[PDB]
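S.K.: One structure, as structure tokens, below. Some questions next.
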Amino acid sequence: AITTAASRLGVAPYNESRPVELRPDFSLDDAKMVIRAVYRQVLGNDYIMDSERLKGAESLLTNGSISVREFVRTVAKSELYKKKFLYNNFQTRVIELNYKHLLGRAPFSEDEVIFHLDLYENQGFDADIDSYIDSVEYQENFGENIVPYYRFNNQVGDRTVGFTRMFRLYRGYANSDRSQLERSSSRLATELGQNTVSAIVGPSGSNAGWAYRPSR
Amino acid sequence: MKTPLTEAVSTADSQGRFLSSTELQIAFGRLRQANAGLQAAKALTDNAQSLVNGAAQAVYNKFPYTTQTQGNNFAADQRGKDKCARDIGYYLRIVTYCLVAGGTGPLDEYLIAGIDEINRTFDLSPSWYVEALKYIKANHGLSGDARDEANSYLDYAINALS
Amino acid sequence: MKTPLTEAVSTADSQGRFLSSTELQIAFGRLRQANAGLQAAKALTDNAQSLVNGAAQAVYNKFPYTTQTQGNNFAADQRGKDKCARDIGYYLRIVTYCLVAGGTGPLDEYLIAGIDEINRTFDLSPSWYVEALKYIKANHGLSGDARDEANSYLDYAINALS
Amino acid sequence: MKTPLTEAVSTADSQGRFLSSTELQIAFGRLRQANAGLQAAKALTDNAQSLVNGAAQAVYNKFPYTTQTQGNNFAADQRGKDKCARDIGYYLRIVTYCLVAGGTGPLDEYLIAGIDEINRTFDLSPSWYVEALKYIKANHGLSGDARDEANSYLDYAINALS
Amino acid sequence: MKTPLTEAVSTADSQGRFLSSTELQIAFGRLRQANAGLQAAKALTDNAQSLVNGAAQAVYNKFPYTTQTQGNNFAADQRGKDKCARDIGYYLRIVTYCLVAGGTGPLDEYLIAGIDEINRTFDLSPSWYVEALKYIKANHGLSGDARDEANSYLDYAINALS
Amino acid sequence: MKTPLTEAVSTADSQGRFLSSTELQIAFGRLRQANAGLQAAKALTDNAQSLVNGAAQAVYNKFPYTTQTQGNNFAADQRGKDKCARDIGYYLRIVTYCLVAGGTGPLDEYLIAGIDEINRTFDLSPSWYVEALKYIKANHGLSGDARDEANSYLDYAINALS
Amino acid sequence: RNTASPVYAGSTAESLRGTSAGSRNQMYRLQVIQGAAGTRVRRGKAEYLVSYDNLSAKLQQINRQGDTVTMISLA
Amino acid sequence: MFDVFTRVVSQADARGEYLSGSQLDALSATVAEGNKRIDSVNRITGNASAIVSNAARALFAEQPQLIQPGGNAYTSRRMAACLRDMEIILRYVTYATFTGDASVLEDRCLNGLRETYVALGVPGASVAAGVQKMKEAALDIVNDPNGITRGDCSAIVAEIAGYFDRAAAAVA
Amino acid sequence: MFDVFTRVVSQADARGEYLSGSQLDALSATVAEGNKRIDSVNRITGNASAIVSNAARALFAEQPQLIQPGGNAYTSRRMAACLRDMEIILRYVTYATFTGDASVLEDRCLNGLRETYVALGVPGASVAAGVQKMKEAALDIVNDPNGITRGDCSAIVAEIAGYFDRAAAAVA
Amino acid sequence: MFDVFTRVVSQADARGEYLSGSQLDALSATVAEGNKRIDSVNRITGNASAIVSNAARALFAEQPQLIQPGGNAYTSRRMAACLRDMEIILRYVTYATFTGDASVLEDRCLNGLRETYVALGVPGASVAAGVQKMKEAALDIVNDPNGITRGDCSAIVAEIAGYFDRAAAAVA
Ligand SMILES: *[C@@H](C)[C@H]1/C(=C/c2[nH]c(/C=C3N=C(/C=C4\NC(=O)C(CC)=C4C)C(C)=C\3CCC(=O)O)c(CCC(=O)O)c2C)NC(=O)[C@@H]1C
Ligand SMILES: *[C@@H](C)[C@H]1/C(=C/c2[nH]c(/C=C3N=C(/C=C4\NC(=O)C(CC)=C4C)C(C)=C\3CCC(=O)O)c(CCC(=O)O)c2C)NC(=O)[C@@H]1C
Ligand SMILES: *[C@@H](C)[C@H]1/C(=C/c2[nH]c(/C=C3N=C(/C=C4\NC(=O)C(CC)=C4C)C(C)=C\3CCC(=O)O)c(CCC(=O)O)c2C)NC(=O)[C@@H]1C
Ligand SMILES: *[C@H](C)[C@H]1/C(=C/c2[nH]c(/C=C3N=C(/C=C4\NC(=O)C(CC)=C4C)C(C)=C\3CCC(=O)O)c(CCC(=O)O)c2C)NC(=O)[C@@H]1C
Ligand SMILES: *[C@H](C)[C@H]1/C(=C/c2[nH]c(/C=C3N=C(/C=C4\NC(=O)C(CC)=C4C)C(C)=C\3CCC(=O)O)c(CCC(=O)O)c2C)NC(=O)[C@@H]1C
Ligand SMILES: *[C@H](C)[C@H]1/C(=C/c2[nH]c(/C=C3N=C(/C=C4\NC(=O)C(CC)=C4C)C(C)=C\3CCC(=O)O)c(CCC(=O)O)c2C)NC(=O)[C@@H]1C
Ligand SMILES: *[C@H](C)[C@H]1/C(=C/c2[nH]c(/C=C3N=C(/C=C4\NC(=O)C(CC)=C4C)C(C)=C\3CCC(=O)O)c(CCC(=O)O)c2C)NC(=O)[C@@H]1C
Ligand SMILES: *[C@H](C)[C@H]1/C(=C/c2[nH]c(/C=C3N=C(/C=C4\NC(=O)C(CC)=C4C)C(C)=C\3CCC(=O)O)c(CCC(=O)O)c2C)NC(=O)[C@@H]1C
Ligand SMILES: *[C@H](C)[C@H]1/C(=C/c2[nH]c(/C=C3N=C(/C=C4\NC(=O)C(CC)=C4C)C(C)=C\3CCC(=O)O)c(CCC(=O)O)c2C)NC(=O)[C@@H]1C
Ligand SMILES: *[C@H](C)[C@H]1/C(=C/c2[nH]c(/C=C3N=C(/C=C4\NC(=O)C(CC)=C4C)C(C)=C\3CCC(=O)O)c(CCC(=O)O)c2C)NC(=O)[C@@H]1C
């Protein structure tokens, strides 16, 4: 696990959290926690305004008409998600964000960019979103009833490059995907193309050199 | 932000498709509307001082306690009156943007998103602004397509406040 | 519902854990508090009608237009006054539930969740109920732990409205 | 760590809420407990060497093969005996941390998580440490709340090993 | 069940692919091994009683306390000896399944999954079974491919226990 | 690339597992096939020029319009004939890679992935290459395992095109 | 096994679509018998509501886990 | 999922018994036929596209209602879905042939397939007719005596026919 | 995240030492002040909305550039996000007061916050001014002698001031 | 990933050339060593737990700072993570031995491992010492002449030693 450097790396709050599961015959408070957990995770800790809430999807989730996964899929396909992460981004940046939001990890290899770029170009954004959520990886980690969460810790099937690239996409707890130094630029386009990694730079506050970014 | 041209490209981009006759029709709809929208924006802009001042006075008349009651959220002093006229001016200006853009986009992005939190935090009644918007509706003097589109944004803001 | 015992078990259940010294301490904290809450609930219950009527008049005194202005959202008629006394009675009654339960759960589940939509939809001013809650704080006559817990829920409601 | 104060805050943070009367009660439960925990921690610490040596001999008496059998995992030599006394000292020391913290957090983070992998990899019997823990329960000489909290952590470790 | 044939189809199915030369080669690999595995299963089966009894005595010799110490987890009485002989028989029998199946699947699905919780719950030492498996390795009398495949499964069990 | 050895490790890695008898059998299957595949690769390579030209003429004979019709996508001129012989050479060469690799990997990654878009984009009929592949099947002169594996890859390409 | 099953006759099969029912606005109700062979299984009998676009993916998911499909109907 | 070997193992474990000499000998006979089994899988796979397309053409020739406007196989996406389904069924039949056990076909293809087609309005009786057309083409391909070591493949052919029959029965 | 108790424990474990008698006595003194700590948390929480709104009003009055058109607090969305930031910082300051340790502030509230404001262009110096205004209001509320058992709360007030100063320093 | 065969193929396609006779003969020589390669993987795997545990014990004995309080291998969480890491590295070394190519080891395990350990504060030099200890034990196990057909495995052993060296170099 991550113990000594957890707070320094911004991982300690997630060490202290547990997966948010919607049990059968869930209560009212259970549904609200899922909605809050889904909004924080899938939308990258961006502030969500009341006018932006997916009230219809929230209703169906609360009613048991859609499961957690289908609620996640509904949020990921919403105009709110596309506005935040699709319409103003390079598709490689979109693919990066999708992996972090929906799978809680960074892309491992250029093959993933190839797959999802082609899938978007040939079948569209909604088809690409389905690929993440209907993936074997999503099934084994979250299944039908658990909100996605960051997978900092080592798991079966991991590659070491994934760990270092997580801190390229995750920049601390008091932060959002749309409020990072690199702004709209793809974080991993170069790393994936060259199969290279970079030294982990921890979040601001706990790391004086948090702002180090290489030049072109 | 929500406008016909942006929505058209956003739909095609989401689908990974070239623009088709559907999107071209959207553009034709914009072109049919645009000149009336620009005319409405000009008319509201030229009359903005009169509309904002009259709208503020209409609010004070309907809610006289706002000019009689001490408090940071009221217009009993010149400070609060200046804040109130400023706010009504923001509504009128952003409505002209909607007419230029051809959609609620400017209202959605600049004014409505988070307005509930602002009014709650600073103890501002949405009914005050509804009254101001109703005044502007009854006094902008537009007609035809200019009136229809302009009133759609004014009612859009009213509905958001209610 | 947020109460010390329910949150203790839910957190343990989310961890797939038996209860441990942590949760037992939560229970001891509830037991230290519970009698004061029950007595506070009794005192507020016995004095409910005086508190509710006094609170309603405090609102009418602070906002005289509510009893002078025609409208479905105002109290210019007995219909509106009865609605207002009813609403203030709901606030007090659900506050006594929080004292019984030992947490804000009753307020969260029965009153606060969705209150913003209701007040917006029906043009009800949160400041009215804030004034009613402030009167209840100033007049329930509690002391010690009973006072502290009761005021925490009344201030919790005020903060939710502000 | 699992302690009343940290879990109270983490739960409230996950819900996005300020601390309420529920969390304050958790604090009062902690304050009711803390002095007995600190007193228990002092008593175990002052008697640590006797308890550790006594616990080690209790294990050796119950499992004599651990002192007669050659092997890296056994205590037939001073190397293994030193490893054993060190390990029992870790259990006792971390249990005193639990009393100071008022929760199983120190045991969970420092000792319990991954203990099954350690004992499997290095061929250490959990039954050995269960015997050491039972000796400490029988000989720490505590009473009252100090006894109950200390035994809860000792039993927590025993249950984890069984 | 992990076997060359089921793994070949599972991989192809996960790819939505027909079976290709890659999977036919996997089948040829299975056919190369199969007769030796079937021979090994017969030899172990014919010698099962001697191997189980000899393995059981090997454990008792290596760990004499298991035949002298009272307790449900020990073999000091006929009940525990029968439990022990039964358990060792389970290991040998399921190993012959692995030889028949050509993979660790029968060990994985019938024995290994959950063995850690069983041994901890009932206070059974994995070291006992490792000695039993080592005896069977040293005494099954196989050679060639039969030996190598059989030893791989016995070593697979030993690794799972350590 | 899809081969028995890479597939074996990919499956084991995805399960977080050491290689077991299942994967060893996969290796033995590869070794059974490898020499026949290498001989087949040698035979095709040594005969490649005759096979490529013969296959191209077979396509021209079956589809005479390809050599009589003007267009960038046809072989009426020397430019188009050179492109065609090149493409057929690519198919044959990459097939030899499959025999070397012992799987469809080289075909999957170098030729098959994206072939549909190429043929659509440049207006090339898949039937042309099917006939070329059929000619190679009937004329490579292989026998035994070399024939069976090579024909499996040629058929794999034919199936992808149809 | 001396048990009952839910009643999905007439209009009782219907479920709400909203914006979560895919391109065809059709929901399919999959009743399955499942066990733990991955995430924890809470119930031996489960129901899944999936759109037409995800129906194929859901069947392979159920299939890969070895769970049994007892009934499928339009919702 | 089971193969021919693990099927026997699973039955043996449920009774807590070693495989008998007869059972081991039966598996030895299965091993002796493995080359024919691999050839049958290779031949069906090598002609998969032809088997599916020829079967599809034959089906629509005898059941033109399927492809007329309003028919369930009319429109490109429905026709593509139909051809996909035929390929899926053939693929899982080859899987069952490869493993020597029908479990992969039953668990991963036919599991709920009858109810799926009923819910979708897909005519299962026509799917069964298509599967039968693939069956007859596949068995002739497997039985082809040209370019292969000569021998008796009747047993494997009967087994493959059984898997096709299971698929046809399951859909209709 | 540590509390006042686990902060000492973590330092002790890294040294492999039992807590000394001095350390246990220091924690005993912390327990003796527990009622004052709970009161301070309760008082700040009970006035949270007033502290945020009053501080925000004062900040915008002294820094009108923040709310004019083009300002970083102009438009409802940015203004609402700004008010959320003040509430969040105040909320975490109450967490630190409750636990008696700054770790919750450092681990969560201030972790990556400077990156957020630099990336967005939020003026960190103005956030620090707003946090300073909340600090002034909060400390007065904690120190109010009315309606409470009288005693000396200087130590807890000094601790709370430090948490506010930590937050202000982290942003500017 | 690549194996020994597909490594040569990929280099040939990049040049657009058929494999030369010498390249095909070299791969035939690789095939002739296949049994020794499979035995080497089997022997390391069969002793995997002993290799990891013996190496870990030897490491902590030589570097007792790792397991003293405050050490990076102190506490059960970190010790468990440490033992897991040794098993992972050994597992991927066997993968590379099985495929005859270091790509699986380099791509999935070693790439980023130096940066990971630096970020976590894991002592990379100590990991290298542990990897080196696993190397000696594994190579001795592979070379054991008992219970195996006799022959020369020096080439396979050298290849395995190279993969261990790659792992040791990458962590530090
Ligand atoms: C500085 C913070 C101010 C201050 C505080 C202060 N409080 C006490 C004592 C108590 N306060 C409480 C608090 C509560 N009781 C409840 O039931 C709840 C609601 C859930 C709360 C918040 C309690 C239980 C006590 C103990 C009993 C008592 O009423 O006295 C003291 C006295 C010393 C002590 O620590 O006990 C003090 C000093 N006093 C001031 O003058 C500051 C403005
Ligand atoms: C260096 C690695 C040591 C060594 C190896 C070695 N092995 C062989 C030959 C064989 N080894 C096997 C292996 C297996 N048979 C099985 O059924 C399985 C279980 C799935 C395995 C792992 C086989 C099949 C052979 C061939 C037949 C035989 O039994 O000999 C050799 C001989 C040369 C060859 O390549 O065949 C060698 C050298 N020998 C040593 O002395 C090293 C310590
Ligand atoms: C019924 C299926 C038909 C049939 C089959 C049949 N095959 C063999 C023998 C072999 N077939 C193979 C197959 C392959 N070799 C390869 O390299 C590959 C490519 C990956 C394959 C598919 C092999 C290895 C053999 C053994 C050597 C040989 O060629 O004989 C037989 C003979 C009996 C046996 O089991 O070996 C038979 C009967 N024969 C027919 O007449 C049917 C039409
Ligand atoms: C043991 C000899 C040394 C040691 C190890 C140690 N490692 C960690 C933590 C991690 N190790 C990894 C490495 C990998 N993850 C992978 O997926 C793979 C490739 C498949 C590798 C090689 C990672 C990513 C972590 C962090 C995430 C996690 O642990 O789940 C620790 C714990 C660190 C901590 O608790 O903070 C330790 C102790 N430490 C030593 O002192 C030895 C020299
Ligand atoms: C064609 C004229 C030239 C050429 C192209 C080429 N590109 C790639 C690979 C990629 N292309 C992209 C591009 C985009 N991704 C986006 O998000 C956008 C906007 C929506 C664009 C334009 C990306 C990200 C990749 C990487 C993933 C992928 O491989 O598809 C390749 C492949 C390179 C490789 O496989 O290593 C090629 C061939 N190459 C030429 O020689 C022409 C000059
Ligand atoms: C006028 C109808 C009544 C009135 C107004 C009033 N408003 C405020 C304060 C604010 N008004 C806003 C509104 C906006 N800010 C924006 O950027 C936009 C979108 C572009 C809008 C609509 C905000 C955010 C504030 C708070 C910050 C600020 O002061 O600028 C006040 C003062 C409130 C206070 O406590 O300071 C007043 C008086 N009051 C009446 O009584 C009129 C009837
Ligand atoms: C004493 C009851 C018996 C005994 C003990 C014994 N233990 C080891 C080795 C280790 N003990 C631990 C345990 C811990 N390390 C920690 O950091 C913590 C958590 C804070 C614990 C509980 C570990 C990890 C080891 C292995 C590494 C190390 O040596 O530190 C040994 C030696 C085992 C070996 O093979 O070297 C022994 C002898 N043995 C008996 O027979 C006693 C009855
Ligand atoms: C005409 C330009 C050339 C031609 C045509 C031809 N087509 C087929 C068979 C099919 N055509 C279709 C196409 C569609 N079916 C649909 O539902 C729709 C969308 C609404 C389309 C466009 C299909 C699916 C088939 C196959 C099934 C069927 O027969 O209906 C054939 C026969 C192919 C065969 O193998 O039987 C032919 C001859 N052929 C030429 O040579 C013309 C130049
Ligand atoms: C062709 C001979 C007949 C035919 C077929 C047809 N099927 C569908 C739709 C579906 N078929 C399936 C079946 C499967 N999906 C899988 O993944 C697998 C293995 C697990 C199977 C067996 C499913 C799930 C669907 C629906 C979802 C999807 O298509 O992806 C259609 C289309 C139905 C529609 O358009 O609504 C058709 C046409 N139809 C005929 O008329 C032939 C007799
Ligand atoms: C108000 C006094 C000042 C101000 C603030 C301001 N902040 C943002 C945006 C964000 N603020 C945060 C902070 C947090 N999010 C968290 O979850 C946590 C707790 C763990 C913290 C501390 C974040 C992450 C954002 C970005 C996310 C988002 O959706 O906004 C804005 C909005 C900026 C914009 O361009 O929208 C503003 C305005 N601005 C001022 O001018 C004041 C000085």
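In the structure tokens, chains take the letters A, B, ... in the order shown, each chain's residues start at 1, and ligands count up from 1 in the order shown.
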Please write out the residues within 8 Å of ligand 9 as a JSON list (two decimals) with N, CA and C atoms, in the first residue's frame, counting only C-alpha atoms and all ligand atoms.

M.R.:
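The new file pocket06.json reads:
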```
[["chain", "number", "residue", "atom", "x", "y", "z"],
["G", 52, "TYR", "N", -30.91, -1.73, -25.08],
["G", 52, "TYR", "CA", -30.62, -2.62, -26.21],
["G", 52, "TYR", "C", -29.15, -2.55, -26.60],
["G", 53, "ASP", "N", -28.57, -1.34, -26.58],
["G", 53, "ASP", "CA", -27.19, -1.18, -27.00],
["G", 53, "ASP", "C", -26.23, -1.94, -26.10],
["G", 54, "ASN", "N", -26.57, -2.11, -24.82],
["G", 54, "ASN", "CA", -25.73, -2.81, -23.86],
["G", 54, "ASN", "C", -26.20, -4.23, -23.58],
["G", 55, "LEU", "N", -27.28, -4.68, -24.23],
["G", 55, "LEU", "CA", -27.81, -6.01, -23.95],
["G", 55, "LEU", "C", -26.80, -7.09, -24.32],
["G", 56, "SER", "N", -26.13, -6.94, -25.47],
["G", 56, "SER", "CA", -25.13, -7.92, -25.86],
["G", 56, "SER", "C", -24.00, -7.97, -24.84],
["G", 57, "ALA", "N", -23.48, -6.81, -24.45],
["G", 57, "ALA", "CA", -22.39, -6.78, -23.48],
["G", 57, "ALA", "C", -22.81, -7.42, -22.16],
["G", 59, "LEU", "N", -25.04, -9.79, -21.60],
["G", 59, "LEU", "CA", -25.13, -11.24, -21.70],
["G", 59, "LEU", "C", -23.75, -11.89, -21.56],
["G", 60, "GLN", "N", -22.74, -11.33, -22.23],
["G", 60, "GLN", "CA", -21.39, -11.89, -22.09],
["G", 60, "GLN", "C", -20.89, -11.75, -20.67],
["G", 63, "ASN", "N", -22.56, -14.37, -18.85],
["G", 63, "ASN", "CA", -21.99, -15.62, -19.32],
["G", 63, "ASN", "C", -20.60, -15.85, -18.75],
["H", 56, "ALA", "N", -26.68, -18.49, -44.70],
["H", 56, "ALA", "CA", -27.56, -17.33, -44.72],
["H", 56, "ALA", "C", -28.28, -17.21, -46.06],
["H", 59, "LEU", "N", -30.95, -19.86, -46.23],
["H", 59, "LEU", "CA", -32.08, -19.58, -45.35],
["H", 59, "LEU", "C", -33.01, -18.56, -45.98],
["H", 66, "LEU", "N", -38.26, -13.29, -44.29],
["H", 66, "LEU", "CA", -37.28, -12.70, -43.39],
["H", 66, "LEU", "C", -36.68, -11.42, -43.96],
["H", 67, "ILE", "N", -36.49, -11.36, -45.27],
["H", 67, "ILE", "CA", -35.77, -10.25, -45.90],
["H", 67, "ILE", "C", -36.68, -9.29, -46.64],
["H", 71, "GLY", "N", -39.68, -7.60, -42.70],
["H", 71, "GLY", "CA", -39.12, -8.83, -42.20],
["H", 71, "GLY", "C", -38.06, -8.56, -41.14],
["H", 72, "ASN", "N", -37.81, -9.54, -40.29],
["H", 72, "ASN", "CA", -36.91, -9.34, -39.15],
["H", 72, "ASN", "C", -35.45, -9.22, -39.58],
["H", 73, "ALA", "N", -35.13, -9.70, -40.78],
["H", 73, "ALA", "CA", -33.77, -9.59, -41.32],
["H", 73, "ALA", "C", -33.66, -8.50, -42.39],
["H", 74, "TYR", "N", -34.70, -7.68, -42.52],
["H", 74, "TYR", "CA", -34.69, -6.55, -43.44],
["H", 74, "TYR", "C", -34.04, -5.34, -42.76],
["H", 77, "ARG", "N", -28.80, -3.13, -40.63],
["H", 77, "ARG", "CA", -28.37, -3.43, -39.27],
["H", 77, "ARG", "C", -28.97, -4.74, -38.78],
["H", 78, "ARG", "N", -30.23, -5.02, -39.12],
["H", 78, "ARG", "CA", -30.83, -6.29, -38.71],
["H", 78, "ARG", "C", -30.18, -7.45, -39.46],
["H", 79, "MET", "N", -29.94, -7.29, -40.76],
["H", 79, "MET", "CA", -29.24, -8.33, -41.51],
["H", 79, "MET", "C", -27.85, -8.56, -40.94],
["H", 80, "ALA", "N", -27.12, -7.48, -40.65],
["H", 80, "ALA", "CA", -25.80, -7.62, -40.04],
["H", 80, "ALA", "C", -25.89, -8.31, -38.69],
["H", 81, "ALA", "N", -26.89, -7.96, -37.88],
["H", 81, "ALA", "CA", -27.07, -8.62, -36.60],
["H", 81, "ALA", "C", -27.36, -10.10, -36.79],
["H", 82, "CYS", "N", -28.12, -10.44, -37.83],
["H", 82, "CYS", "CA", -28.44, -11.84, -38.10],
["H", 82, "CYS", "C", -27.20, -12.61, -38.52],
["H", 83, "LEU", "N", -26.41, -12.06, -39.44],
["H", 83, "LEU", "CA", -25.17, -12.71, -39.85],
["H", 83, "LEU", "C", -24.21, -12.82, -38.67],
["H", 84, "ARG", "N", -24.19, -11.81, -37.81],
["H", 84, "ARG", "CA", -23.38, -11.87, -36.60],
["H", 84, "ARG", "C", -23.81, -13.04, -35.73],
["H", 85, "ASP", "N", -25.12, -13.19, -35.51],
["H", 85, "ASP", "CA", -25.62, -14.26, -34.66],
["H", 85, "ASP", "C", -25.24, -15.63, -35.22],
["H", 86, "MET", "N", -25.33, -15.80, -36.53],
["H", 86, "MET", "CA", -24.93, -17.06, -37.14],
["H", 86, "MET", "C", -23.46, -17.35, -36.88],
["H", 88, "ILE", "N", -21.66, -16.18, -34.40],
["H", 88, "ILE", "CA", -21.49, -16.45, -32.97],
["H", 88, "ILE", "C", -21.79, -17.91, -32.67],
["H", 89, "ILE", "N", -22.93, -18.40, -33.17],
["H", 89, "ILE", "CA", -23.33, -19.78, -32.89],
["H", 89, "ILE", "C", -22.30, -20.75, -33.44],
["H", 108, "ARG", "N", -22.19, -20.05, -22.42],
["H", 108, "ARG", "CA", -21.76, -18.77, -22.96],
["H", 108, "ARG", "C", -22.47, -18.36, -24.24],
["H", 109, "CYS", "N", -23.23, -19.24, -24.88],
["H", 109, "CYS", "CA", -24.00, -18.88, -26.06],
["H", 109, "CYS", "C", -25.50, -19.08, -25.87],
["H", 110, "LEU", "N", -25.92, -20.27, -25.48],
["H", 110, "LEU", "CA", -27.34, -20.60, -25.41],
["H", 110, "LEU", "C", -27.99, -20.16, -24.11],
["H", 111, "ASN", "N", -27.22, -19.61, -23.17],
["H", 111, "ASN", "CA", -27.75, -19.20, -21.87],
["H", 111, "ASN", "C", -28.72, -18.05, -22.09],
["H", 113, "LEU", "N", -30.73, -17.59, -24.60],
["H", 113, "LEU", "CA", -30.84, -17.12, -25.97],
["H", 113, "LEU", "C", -32.27, -17.24, -26.48],
["H", 116, "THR", "N", -34.08, -14.29, -25.14],
["H", 116, "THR", "CA", -33.63, -13.06, -25.79],
["H", 116, "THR", "C", -34.33, -12.86, -27.13],
["H", 117, "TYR", "N", -34.36, -13.91, -27.96],
["H", 117, "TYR", "CA", -35.01, -13.79, -29.26],
["H", 117, "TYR", "C", -36.51, -13.57, -29.11],
["H", 120, "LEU", "N", -36.92, -9.96, -28.25],
["H", 120, "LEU", "CA", -36.60, -9.12, -29.40],
["H", 120, "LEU", "C", -37.54, -9.33, -30.58],
["H", 121, "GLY", "N", -38.36, -10.37, -30.56],
["H", 121, "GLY", "CA", -39.16, -10.70, -31.72],
["H", 121, "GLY", "C", -38.39, -11.38, -32.83],
["H", 122, "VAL", "N", -37.20, -11.89, -32.53],
["H", 122, "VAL", "CA", -36.43, -12.62, -33.54],
["H", 122, "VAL", "C", -37.06, -14.00, -33.75],
["H", 123, "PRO", "N", -37.38, -14.42, -34.98],
["H", 123, "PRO", "CA", -37.99, -15.74, -35.14],
["H", 123, "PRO", "C", -37.01, -16.87, -34.86],
["H", 124, "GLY", "N", -37.16, -17.51, -33.70],
["H", 124, "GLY", "CA", -36.23, -18.55, -33.31],
["H", 124, "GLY", "C", -36.28, -19.76, -34.22],
["H", 125, "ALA", "N", -37.47, -20.09, -34.73],
["H", 125, "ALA", "CA", -37.60, -21.22, -35.64],
["H", 125, "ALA", "C", -36.78, -21.00, -36.90],
["H", 126, "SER", "N", -36.65, -19.75, -37.35],
["H", 126, "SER", "CA", -35.81, -19.45, -38.50],
["H", 126, "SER", "C", -34.33, -19.47, -38.14],
["H", 127, "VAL", "N", -33.98, -19.05, -36.92],
["H", 127, "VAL", "CA", -32.60, -19.20, -36.47],
["H", 127, "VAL", "C", -32.21, -20.67, -36.47],
["H", 128, "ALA", "N", -33.10, -21.52, -35.97],
["H", 128, "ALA", "CA", -32.83, -22.96, -35.95],
["H", 128, "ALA", "C", -32.62, -23.50, -37.36],
["H", 129, "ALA", "N", -33.44, -23.05, -38.32],
["H", 129, "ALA", "CA", -33.26, -23.48, -39.70],
["H", 129, "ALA", "C", -31.90, -23.05, -40.23],
["H", 130, "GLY", "N", -31.48, -21.82, -39.92],
["H", 130, "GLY", "CA", -30.15, -21.38, -40.32],
["H", 130, "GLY", "C", -29.05, -22.21, -39.69],
["H", 131, "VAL", "N", -29.19, -22.52, -38.40],
["H", 131, "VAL", "CA", -28.19, -23.33, -37.72],
["H", 131, "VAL", "C", -28.09, -24.71, -38.36]]
```

S.K.: Please provide the set of residues having any atom within 12 Å of residue 25 (chain I), restricted to only C-alpha atoms, with same-chain residues fewer than 6 positions apart removed, written as a PyMOL selection string.

M.R.: (chain D and resi 34-35+37-39+41-42+100) or (chain I and resi 5+19+31-32)

S.K.: Name each residue within 7 Å of ligand 3, counting only C-alpha atoms and all ligand atoms, as a list in words.

M.R.: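 Those residues are residues 21, 24 and 25 of chain E; 33, 144, 145, 146, 148 and 149 of chain F; 32, 33, 34, 35, 36, 37, 38, 39, 40, 42, 142, 143, 144, 145, 148, 149, 150, 151, 152 and 153 of chain H.
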